[PDB]
Structure formats: C-alpha cells, structure tokens
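Chemist: Quick mapping for you: the protein sequence lines, in order, are chains B and P.
Going letter by letter, the first sequence gives residues 239 to 357, 368 to 479, 488 to 758 in the UniProt record's numbering.
Going letter by letter, the second sequence gives residues 239 to 357, 368 to 479, 488 to 758 in the UniProt record's numbering.
Please see the structure below; I have some questions.
Number of protein chains: 2
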Amino acid sequence: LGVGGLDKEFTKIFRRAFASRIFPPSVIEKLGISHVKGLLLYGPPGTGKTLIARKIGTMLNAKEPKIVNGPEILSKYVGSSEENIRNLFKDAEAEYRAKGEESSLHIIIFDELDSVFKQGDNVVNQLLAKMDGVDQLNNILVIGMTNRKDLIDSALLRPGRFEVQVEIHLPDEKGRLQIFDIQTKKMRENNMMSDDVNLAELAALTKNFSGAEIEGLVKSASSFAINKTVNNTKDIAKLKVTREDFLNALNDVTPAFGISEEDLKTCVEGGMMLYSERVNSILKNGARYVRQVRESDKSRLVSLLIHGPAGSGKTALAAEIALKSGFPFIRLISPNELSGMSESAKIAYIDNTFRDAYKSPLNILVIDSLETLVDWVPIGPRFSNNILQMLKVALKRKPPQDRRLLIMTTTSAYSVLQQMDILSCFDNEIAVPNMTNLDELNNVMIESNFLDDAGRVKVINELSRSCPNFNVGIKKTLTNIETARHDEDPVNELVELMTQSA
Amino acid sequence: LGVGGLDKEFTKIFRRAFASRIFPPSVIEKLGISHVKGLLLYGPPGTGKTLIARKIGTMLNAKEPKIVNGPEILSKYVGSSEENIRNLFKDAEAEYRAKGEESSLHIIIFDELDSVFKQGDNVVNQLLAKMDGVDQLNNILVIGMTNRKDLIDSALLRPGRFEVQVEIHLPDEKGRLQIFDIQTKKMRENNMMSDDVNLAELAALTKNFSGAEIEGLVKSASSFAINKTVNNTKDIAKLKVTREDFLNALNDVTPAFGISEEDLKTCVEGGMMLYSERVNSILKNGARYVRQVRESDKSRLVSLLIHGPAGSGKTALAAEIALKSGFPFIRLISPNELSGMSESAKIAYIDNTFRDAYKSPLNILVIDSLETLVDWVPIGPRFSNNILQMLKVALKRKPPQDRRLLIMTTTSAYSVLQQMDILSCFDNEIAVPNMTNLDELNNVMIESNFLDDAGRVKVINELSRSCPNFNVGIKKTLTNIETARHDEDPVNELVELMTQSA
Ligand SMILES: Nc1ncnc2c1ncn2[C@@H]1O[C@H](COP(=O)(O)OP(=O)(O)OP(=O)(O)O)[C@@H](O)[C@H]1O
Ligand SMILES: Nc1ncnc2c1ncn2[C@@H]1O[C@H](COP(=O)(O)OP(=O)(O)OP(=O)(O)O)[C@@H](O)[C@H]1O
Ligand SMILES: Nc1ncnc2c1ncn2[C@@H]1O[C@H](COP(=O)(O)OP(=O)(O)O)[C@@H](O)[C@H]1O
Ligand SMILES: Nc1ncnc2c1ncn2[C@@H]1O[C@H](COP(=O)(O)OP(=O)(O)O)[C@@H](O)[C@H]1O
Ligand SMILES: [Mg+2]
Ligand SMILES: [Mg+2]
Numbered sequence: 239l240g241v242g243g244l245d246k247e248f249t250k251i252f253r254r255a256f257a258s259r260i261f262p263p264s265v266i267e268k269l270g271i272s273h274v275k276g277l278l279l280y281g282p283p284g285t286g287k288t289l290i291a292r293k294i295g296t297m298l299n300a301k302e303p304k305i306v307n308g309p310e311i312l313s314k315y316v317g318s319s320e321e322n323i324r325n326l327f328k329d330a331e332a333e334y335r336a337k338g339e340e341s342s343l344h345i346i347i348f349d350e351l352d353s354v355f356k357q368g369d370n371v372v373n374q375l376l377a378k379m380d381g382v383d384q385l386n387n388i389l390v391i392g393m394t395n396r397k398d399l400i401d402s403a404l405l406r407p408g409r410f411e412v413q414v415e416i417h418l419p420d421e422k423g424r425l426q427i428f429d430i431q432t433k434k435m436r437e438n439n440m441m442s443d444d445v446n447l448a449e450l451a452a453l454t455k456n457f458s459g460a461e462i463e464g465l466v467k468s469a470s471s472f473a474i475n476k477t478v479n488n489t490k491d492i493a494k495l496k497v498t499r500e501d502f503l504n505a506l507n508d509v510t511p512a513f514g515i516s517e518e519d520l521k522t523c524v525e526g527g528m529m530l531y532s533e534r535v536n537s538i539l540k541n542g543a544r545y546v547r548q549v550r551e552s553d554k555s556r557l558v559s560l561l562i563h564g565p566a567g568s569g570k571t572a573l574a575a576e577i578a579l580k581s582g583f584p585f586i587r588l589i590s591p592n593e594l595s596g597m598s599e600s601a602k603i604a605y606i607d608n609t610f611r612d613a614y615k616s617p618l619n620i621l622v623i624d625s626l627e628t629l630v631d632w633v634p635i636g637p638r639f640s641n642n643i644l645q646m647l648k649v650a651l652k653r654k655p656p657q658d659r660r661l662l663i664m665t666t667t668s669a670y671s672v673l674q675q676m677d678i679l680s681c682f683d684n685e686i687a688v689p690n691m692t693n694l695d696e697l698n699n700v701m702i703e704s705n706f707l708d709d710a711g712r713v714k715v716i717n718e719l720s721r722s723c724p725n726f727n728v729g730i731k732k733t734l735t736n737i738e739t740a741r742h743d744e745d746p747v748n749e750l751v752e753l754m755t756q757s758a
Numbered sequence: 239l240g241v242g243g244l245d246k247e248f249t250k251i252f253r254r255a256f257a258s259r260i261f262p263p264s265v266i267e268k269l270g271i272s273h274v275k276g277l278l279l280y281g282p283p284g285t286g287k288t289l290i291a292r293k294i295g296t297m298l299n300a301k302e303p304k305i306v307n308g309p310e311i312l313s314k315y316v317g318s319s320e321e322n323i324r325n326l327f328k329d330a331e332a333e334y335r336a337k338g339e340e341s342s343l344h345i346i347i348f349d350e351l352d353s354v355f356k357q368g369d370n371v372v373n374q375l376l377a378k379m380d381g382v383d384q385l386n387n388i389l390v391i392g393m394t395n396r397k398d399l400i401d402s403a404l405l406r407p408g409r410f411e412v413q414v415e416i417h418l419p420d421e422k423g424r425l426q427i428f429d430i431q432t433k434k435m436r437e438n439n440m441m442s443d444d445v446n447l448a449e450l451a452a453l454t455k456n457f458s459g460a461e462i463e464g465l466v467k468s469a470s471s472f473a474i475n476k477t478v479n488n489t490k491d492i493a494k495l496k497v498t499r500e501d502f503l504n505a506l507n508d509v510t511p512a513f514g515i516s517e518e519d520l521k522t523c524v525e526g527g528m529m530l531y532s533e534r535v536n537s538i539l540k541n542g543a544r545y546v547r548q549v550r551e552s553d554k555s556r557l558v559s560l561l562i563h564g565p566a567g568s569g570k571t572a573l574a575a576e577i578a579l580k581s582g583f584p585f586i587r588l589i590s591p592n593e594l595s596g597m598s599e600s601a602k603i604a605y606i607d608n609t610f611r612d613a614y615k616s617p618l619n620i621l622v623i624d625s626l627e628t629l630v631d632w633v634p635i636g637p638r639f640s641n642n643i644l645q646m647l648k649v650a651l652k653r654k655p656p657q658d659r660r661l662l663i664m665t666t667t668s669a670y671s672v673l674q675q676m677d678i679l680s681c682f683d684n685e686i687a688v689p690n691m692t693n694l695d696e697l698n699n700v701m702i703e704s705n706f707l708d709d710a711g712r713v714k715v716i717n718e719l720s721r722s723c724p725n726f727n728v729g730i731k732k733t734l735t736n737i738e739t740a741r742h743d744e745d746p747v748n749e750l751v752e753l754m755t756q757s758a
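In structure tokens:
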C-alpha cells in the first residue's frame, strides 16, 4: 500500500471505523447498528498520521479528504471564522438530499485539535451539533489529530463522539528497514543505486530516526552525487550514488531525540587524569548502574546524588559516566539553558523536557547544580518554592509501559538539601573528596607534562616542609600549574600559589 | 562575481539549495527527490547576507528577487497587512498555471523574520500554507534572515521548513584584503589612486572592521581629496587620492566591536605613579594573565577579583592593565551606564553586552563596583535578587567555538560577598593596601612638585613627631596636596589636613 511499520495499529483503525461501511445498507438495516462518526489519532510529530488518514481513503475509493487547520480558523476574524464553519458541510449535505443512504462517503481532517483548548466554543458547539445534534449527517467522518491527549476535555470523548482512539509509536529497528524499502524504490529499479550499499547496515546506524527524518537522509545523500559532477555534461544519464554518500549524509541530518554532543564532550571536559585510586572506584560504581538499567526488569527508575566541596570535580564525572554508556537519548538541564526566562517559563521548560524522556526505550537525564536552579541565597533565605515543588515530584514519577531512565544530579550544598528534607528522593549518595597527599600532586605534575623531572623533585621537596598538610581541589590545582608555566621561574612561583591556596 | 571572504559558505549554500535546480527535469523525476523550499542565514548585521542572496540568483538568471521587511508588514493596518501576504505570491501562481512544472525559478527574501515572533500567527500560518500545505507551490524558494536565532520557534525548523541553516562570520585578515580589492577597482583602473598606498597595510590596521564599514572608510578618504579643490575649478583631471587621505579618514570612522577608548582613558586615569614597591608587583602579576589568554590553548576563560579599602586606587589599576593589552575589543559596565533604568531594562542591558563579546577572537570586560550594581544597603538589608542571579551565571559560561575572554571585577565589600556565597566564581584575588610609611608620602610629593625641597623636608620632620602612624589612601592624599598648594601657608595646611585625615 505505502505505509511501513504500522501493520498492527493499521488493523485496528479498519476494524472499528471502516469495515461497517463496506456492507450495503440492507444488511446494516438487518442488524440495526449505527456507523461511528469520529476517530482520534495522537503521537509525536512526524510519525505519519496524515499518511494514514489519506491512504485509507483510497481503499474506500472515497472523495479526496478536505483538510483544515485549527490555528487558521482560530486566528481568522470571528466573522469569516464563524461563516467558514457552516460553509464546510454543504457538499456533504447536498448529496444527502439527492441520494440519502446511497450517498458516497465524505471525510474531513481537523488538524491541531488541541489548539482550541490551550487558552472556539461556537466552533465546538457547531462541530458537535452537525454530528450529534438533531441535524445529524450520516455522510461524514471527522478525524481529530493532536500531540497531547490530556488537554482534550472528556465532554468530547463520551460515546458517539471520538469513541475510538489509537496511539502511534516511533519505529523500531524492524520498521526502519521497511521505511528504507519504501523511499528508495525508484532509485533501485532504474539502477541508479550502487551494489555496495546494504540497507541492513543503515537500519542499525539510524538508531533513533523517525519516519520524516529518513527522507532527509536519502535526499541529502543523493545531493552529493549531483554536485560531484555539475560544473551540462555527460554522465547525466549514467549517475550512481555510493555508500560513501550514505555515510557523509549522517553528519548533515541531526535527529531529535538524539545526543546533545556539543554540550558534554568538547564543552564539559578539559581532562580526565586518574591521579588516585578513589577516582577508579567512582567510575566503576557509575558503570554498574548503567548496566543494571539495561539488563533488569525490576527497576525502571534510578536516581543518584553526587555531592562534595566546591571545585572538587563533580560535573566532569557525571558527564564522563554518560558518554561511555551509549544510550540513544541523552540531555542535560543546567543554569545556562534557563537564564533570562521568567519563572512561569522556567516551569514550562522543565515540564516539556520530562515529557520527551518518556518516548524512547532508554534515556539519561543530567541535572547540574540543583541549588542554583532554585535561586537559593542565604541572607533571607530566599528561594523559589514553585520550582522546588516541581522537581520534588518529577524525581519520583516512573515512566510508562516498560520505558526506563537514569537520572544523575549534582550539588555543592548537601547541608541545605537536608534542611529542605527532600533527601527522601534519592537511592544512593556518592561523595567526592579533595586532594590531600603530596603523592597525588606528583601524579598531576607528571601527567600534565609540566617540566623535566629535575624540576618536579624540587617542587615536592619544597612543600614537604613548607605546607605538608594542604587541602585543595583539582580544578584550582590545574589552574595554578598553567599560569606558572608562563612565568620567569616556575619553581619559585608555583610554591607561592599553592601555599596561598592551601 | 564581487563577494569576498565567504568561500566556505558559498559551497555549502550552492550544493544543497540550487544544484537540484540545474539538472534537467527528466533526471530528477528519475531519482524522485524533491526540491528544498527554504534557507536561513544568520549572523551579525552588515556582513553581506543580503548581498549573497542577490548574487546567487543571478547565476540562475532567475527573476529579480522580491523583498519584504518584517516591520513593514506588522506595523500596517491588519486589513491591508493581511491582503499583502496573498498579493506577494500572485506572480508565482500565474506563471505556474501557464508553464506548469517547467516554470522558471522565483525567489523571495523575508527580512527581520525574528520580528514576527517577538510579540503574526496569521501571517506565519499563511506563509507556511504556501510551502507546506495542500496548496504548496514548486516555483518558490523563501530566504529568511535573522540576527537572534534563539527567538525562532523550533516548529519552523523541522524537515520541509527552513531545512538548511548557515552562519556568516566577521571576516579574518585574509578576507579584509579581498574587500579592499573589490571596493577600489574603479579608482585603480581610472588611475585616480596614488602609488604611495599599500592595501596590504590598511588591511592590518582595520583590525575589527566589518564589510559595511570599509565602504565608509573608502568614501570618507575620497571626500578629503574632493574638498581640497572647492572654494568649481578647472583641472579636475589632476585628482589623486593618497595614503594620507586614508590616515585622516581612519579617525572619522569608528567601528562597533572596538575600544571604548575615551571612557577608559579620560575618565578613569588621572596620573599613574610608582610610589611604592607593592604597586610594581600588582602590574607585573596583572600583565601575566594577558599573555596566558593570548597564547595558551587550554584556558579560554579567566576571572579576577580586585578588592580592598575604599579610595585605595582599585579602578585606576583595572583600566591601566586593560589599556596596555592591545586586545581588539574592550568595554566596561559601571553604574553610570545603568542610572535611571527600570529593573527589567537593567537585566536586558547586561545580557546584550555579553552576547557581543562572543563574536570577536579576543575580549576584555571590566565590571566595576559590584556591590553598587545590586543596590545593596545594610539597614534592611535590601538588594535586588534578580540582578544578582543574572551575574552569578554569566561569570561562569565559557564562550563558544574557541573564542576567549578575560574578566576583571572590583569591590570594596569582601565581607558581604563572603555572605552571598559567590566567591566560588573567581580564580584569583588581588589585594590593594593603603599607605603606611612617610617614605611613601615623600615619593608622592617628589612626583608632583609640591614645593622646593628645602621646604619639603619640614612637612615630614613635623609629621614624624606629631602623628607617625597615619593611614590614608592615595585618592585622599592627592586631594589634600592639591588644596594646600593654593593657600598662604602650605606647610601648616598640609600638616593639619593629614593629621585630621588619619
Ligand atoms: N579525574 C578528574 N576528576 C575531575 N575533574 C578532572 C579530572 N581530571 C581533570 N579534571 C578537570 O577538572 C575540572 C573540573 O571542573 P568541573 O566544572 O567539573 O568542577 P566542579 O567541581 O563541577 O565545579 P563546580 O563545583 O563549580 O560545578 C575540569 O576542567 C576537568 O577536565
Ligand atoms: N599608583 C596609583 N594607584 C591607584 N591610583 C592612583 C595611583 N597614582 C595616582 N592615582 C590616582 O588616584 C585616583 C584613584 O581614584 P579611584 O577612583 O581609582 O579610587 P577607587 O579605589 O576607585 O575609589 P572607590 O573605592 O570609590 O571606587 C585616580 O585619580 C588615579 O589617577
Ligand atoms: N512510516 C512511514 N512510512 C513511509 N513514509 C513516511 C512514514 N512516516 C512519515 N513518512 C513520510 O513523511 C511524511 C508523512 O508524515 P507527516 O504526516 O508529514 O507527519 P505528521 O504526521 O506530523 O503530519 C510523508 O512525506 C511520508 O512519505
Ligand atoms: N563580503 C563582502 N564583500 C564585498 N562587499 C561587502 C561584503 N559584505 C558587505 N559588503 C558591502 O556592504 C554593503 C551592504 O551590505 P548588506 O548586504 O546590506 O549587509 P546586510 O544585508 O547583512 O545588512 C554591500 O552593498 C557591499 O558593498
Ligand atoms: Mg557543578
Ligand atoms: Mg572604583
């Protein structure tokens, strides 16, 4: 037919809404049943809802559907907006006067149905009165479509109105291998496709692409072969695309529900040097929870707290554990995203982020500096109570239907979180200490190629009686080393910075 | 073609948006790909985004591009505003009905697209309908332009809408040489340009000029040579522009993204004298960080705190370090800039200043009198929490894309910042102490010729017995020395003032 990967939920639509339309009225009169008049489809954008609503009508040989946009009718002035509602059905009315129950099936698509409620009452009255009032047309069938099911009021969902509802899902790996077979077909039968490409590879790499994004990949890959030979010449009738084109294109289309990789990675890491055994222990703990979530049925939600002094290195460890996990979906929430929003906008940004994490089979979330998102200042104290009560719920709600996620949160002010008592949310606590031994500083000096070994010995010797007991974080230690590299005499400056920091 | 310095952007634009229009229709119908309908260009103003749109379309010999300006739609009356969106496409429809699919390309430029969202839903919806709806045209391509990309709703950026996005940067030194080649062409071939000029020099002095400001320079340098002949004369054919005429024009034109020279030099500095050995060490240690930021790869953000008593000389040291750096971009934020603004306007002025600093290769910021920007007063205490949380984030965010900057900030209220808990933001702290020795008072008098030295002994001989332990700042000392000079008995006046001031 033309739609891939929906073979299950395709069946249910036909069974309830259309199979009754195939039989002639005389056997329907024998049963005394009455045709359903509304259907509601919901799911994430770009998944092919309209494609279903169009392709089904071809099997009935029905009229090509009318299509309407909510925001248009709502943003039009009330006058033509009002009169446009009544103008719609005249065709479905007209053939009913001419032919009645022999009349051909009519269909109307009403897009963005939630836009009416997210603030059309006349439209809702008129739209119902034509299908459920006394002026009941039997010709019509209205398809509603929305991204959010929770905004539509139950007054529309009682029987006779929108009585059947279906959910559309992102395609799994068996499905993307079908969607490639649909999109590429014309390139294959004309032999414009090389034979080194193999679609069983491309279905595995496109780990989370939706249906609409796979076209962008095919179209983008094809655009290299054209540009390779332009600049009105021969070989126009001899063009081929190559597996090289199908691997360059993966850099020009970036998926939604993907990995934010210019965050983390190049931004959050300036090193990772295993100066002490305690670092190896923490990275082994972090990697164990990542596999427990992958390989267990019994725990779909885990959340961890990472805490310690300021500048001790918490955020780089939370990112390093994530990039090695390989999960399809990763995002973070940090103060850099929320700057300049009003409080009423901040709560909507947090809420929308969690609504996305319930749509992929595996997920990670990172929350950076929880004490800063709440606006804590100790002089009052002053803080936002509305934002605190949002997070306190979101950390306990479990995702639906065997989806699962791992949450990691970091803080510098454990004494304050204990005073708000929210510590009943977390399943475990990981503590990060500062540096405290001169042997650890020797490892840092070696690993960063400070200077030749004759110099490093004197620096350790000098501190060994000037300040044997110092206590300083790794973030500051790597700064003092880097400024002394540029002075006249590093050995006599680095000691003076470290004793000031001690 | 006549556009310079934008090599890499040109390939990326041509490959995706236009190459598909060059091949014959029969081969595109063979592949089955579909033409891209929208392209988004963003960057700083005056950098040739509109220029590119005209000069690309001439290679296709397409029709002259229509132009419409966002505020010219929005500020009209709604009725004629609404009608104009329907009017704009009338030509593209009419040719399509006459030619069908073989119609020539049409192109439309939509300027200040970010004006529509910062409040347009009708005009947004109608614009989408012509490119994404049932009535979608194949003849059009729509070019969008913005400066503040983050104001675009991501609903515009999904496949099929504004699918491709490109950033235009300020030119580097390899590029500014090409712009002078283009702009001077007519002057050189008519021989109206002297042989004493050297375009490879002027490209180096125009250290941060944008393309639109080099037109202003070349025009202004020509106006001197014209005016030199008027008050209109015979022998006009003798004209030449000369190297000196560019050196005079380079004072009449001043760029954005340049030094705020007169607000640093004339206001903040009023004599710098090396009265004591502590002052040599602060300037030496301050000049080290300026070459760390210039030369090191691994550190791209640095922030310093300068703190100490009132009137000690803190603001004059911050400006003296800046004016010797030679960095291209320098600015300061001080209470004089924000006086009389509303709290909702103060936050907007601070935010916009940091987003300019992220566009140049090297930058400095001075943030003066930190406890005054917050309005802190101890009787309540009262202060603004919304401004404090604006600064606490902005001091930690690293600049994008291998750019770098140095931040310096000054305070008198170290005992208060220790309560607001913001001292984790700063990498090093510099202390500026008061005067305490009569050798320091002697050095200040010698530098400023208070009076002949046979008198100058007596001031110290009396203070040495009247009150040796005087403790005063340099700001008050220079004020006392200047008011005694105009008296009848300078010796007693200065001794009295310093004894009282202590
Ligand atoms: N083994 C390590 N553990 C932690 N950090 C390391 C290690 N090796 C190098 N680093 C570096 O130390 C710095 C730690 O910075 P980071 O921002 O994570 O500190 P932080 O404690 O989170 O700061 P804040 O408390 O202000 O959030 C980074 O530049 C990181 O590359
Ligand atoms: N070595 C020096 N260091 C600092 N200032 C000096 C020095 N020599 C002369 N001056 C002069 O002393 C004055 C110091 O004034 P300035 O406004 O910098 O004080 P301040 O510490 O900023 O005062 P406030 O604490 O109110 O900001 C300036 O006019 C400056 O030119
Ligand atoms: N499962 C699928 N199989 C084939 N094509 C698909 C599929 N999903 C999306 N598409 C393609 O993307 C478009 C259909 O999705 P569309 O209806 O535009 O998204 P939405 O449902 O958000 O309106 C068509 O161009 C269609 O060919
Ligand atoms: N890269 C460039 N090469 C040559 N001239 C340029 C360039 N960029 C800008 N100019 C000059 O600046 C003038 C105005 O630029 P404009 O296209 O209006 O910039 P924008 O549209 O981004 O404001 C142009 O007419 C042109 O002569
Ligand atoms: Mg942190
Ligand atoms: Mg000052």
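Cβ coordinates follow ideal geometry from the N, Cα and C atoms, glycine included.
Please report the residue range of the beta strand (DSSP E) in which P:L277 lies.
Modeler: First-last of the beta strand (DSSP E) with P:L277: 276-280.
Chemist: For B:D501, which residues of its own chain have a beta-carbon under 8 angstroms away from its beta-carbon, when the five flanking residues on both sides are left out?
Modeler: So the qualifying residues of the chain are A469, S470, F472, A473.
Chemist: In terms of residue numbering, what span does the beta strand (DSSP E) encompassing P:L561 cover?
Modeler: Residues 557-563.
Chemist: Let me check you understand the geometry: is the CB of P:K540 closer than 7 angstroms to at least one non-hydrogen atom of ligand 2?
Modeler: Result no, Cβ not under 7 angstroms from ligand 2.
Chemist: By the criterion of Cβ-Cβ separation under 8 angstroms, what are the contact partners of P:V649 in chain B?
Modeler: By Cβ distance, chain B contributes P591, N592, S595, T628.
Chemist: If you follow the beta strand (DSSP E) that P:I347 is part of, which residue opens it and which one closes it?
Modeler: P:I347 -> beta strand (DSSP E) spans 344-349.
Chemist: Under DSSP, the beta strand (DSSP E) around B:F585 begins and ends at which residues?
Modeler: Element bounds for B:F585: 585-589.
Chemist: Kindly indicate the opening and closing residues of the alpha helix (DSSP H) around P:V535.
Modeler: Taken as a continuous stretch (DSSP letters only), the alpha helix (DSSP H) holding P:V535 covers 533-551.
Chemist: I want to know whether the segment 672-691 of chain B touches the segment 549-566 of chain B - three or more CB-CB distances under 8 angstroms.
Modeler: Yes, the segment 672-691 of chain B is in contact with the segment 549-566 of chain B.
Chemist: What is the DSSP secondary structure of B:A687, reduced to helix, strand or coil?
Modeler: Here B:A687 sits in strand by DSSP.
Chemist: Whole alpha helix (DSSP H) runs in the segment 656-719 of chain P with 4 or more residues, listed along the chain?
Modeler: With a minimum length of 4 residues, the continuous alpha helix (DSSP H) runs that stay inside the segment 656-719 of chain P are 670-676, 694-704.
Chemist: Does ligand 3 have even one heavy atom less than 7 angstroms from the beta-carbon of B:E463?
Modeler: Yes; taking the cut-off as 7 angstroms, the Cβ of B:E463 has a heavy atom of ligand 3 nearer than that.
Chemist: Use the C-beta contact count for B:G276: other C-beta atoms within 10 angstroms, 16 or more gives buried, fewer gives exposed.
Modeler: Flag for B:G276 reads buried.
Chemist: Do B:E461 and P:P407 have their C-beta atoms within less than 8 angstroms of each other?
Modeler: Yes. Within cutoff.
Chemist: Residues around ligand 6, please: the condition is that the C-beta lies closer than 7 angstroms to some non-hydrogen atom of it.
Modeler: Per the Cβ criterion, the list is P:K570, P:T571, P:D624, P:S625, P:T666.
Chemist: According to DSSP, simplified to helix, strand and coil, what is P:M529?
Modeler: Reduced to three states, the DSSP call for P:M529 is coil.
Chemist: Roughly how many angstroms lie between the CA atoms of B:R638 and P:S598, to the nearest whole one?
Modeler: Each residue's alpha carbon lies about 22 angstroms from the other.
Chemist: Is it buried or exposed for B:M676, if we count other Cβ within 10 angstroms and need 16 for buried?
Modeler: Exposed, because fewer than 16 other Cβ atoms sit within 10 Å of the Cβ of B:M676.
Chemist: Terminal residues of the continuous alpha helix (DSSP H) containing B:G459?
Modeler: Where B:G459 is concerned, the enclosing alpha helix (DSSP H) stretches over 459-477.
Chemist: Along chain B, in chain order, which residues have C-beta atoms closer than 8 angstroms to that of P:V265?
Modeler: Here the neighbours are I492, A493, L495.
Chemist: Quick one: measure Cβ to Cβ for B:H344 and B:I311, integer angstroms, because I've assumed they're closer than 8 angstroms.
Modeler: Between B:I311 and B:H344 the Cβ distance is about 19 angstroms, and since that is not below 8 angstroms, they are no contact.
Chemist: Give the DSSP-derived three-state secondary structure of P:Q357 in the structure shown.
Modeler: DSSP places P:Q357 in coil when its eight states are reduced to three.
Chemist: Any idea what DSSP makes of B:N725, helix, strand or coil?
Modeler: Coil, per DSSP.
Chemist: Considering only their Cβ atoms, is the gap separating B:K304 from B:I266 smaller than 8 angstroms?
Modeler: It is not a contact, given that the beta carbons lie outside the stated cut-off.
Chemist: Mapping DSSP to helix, strand and coil, what is P:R324?
Modeler: Helix.
Chemist: Work out the CA separation of P:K714 and P:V630 for me, nearest whole Å.
Modeler: The straight-line gap from Cα to Cα measures roughly 47 angstroms.
Chemist: Could you tell me which residues DSSP puts in a beta bridge with B:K304?
Modeler: B:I346, per the DSSP bridge assignment.
Chemist: Take B:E415 as the anchor and find which of B:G286, B:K422, B:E421 has the nearest alpha-carbon.
Modeler: Comparing Cα positions, the closest option is B:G286.
Chemist: Quick one: Cα of B:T667 to Cα of B:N684, how far?
Modeler: Their Cα atoms are separated by approximately 14 angstroms.
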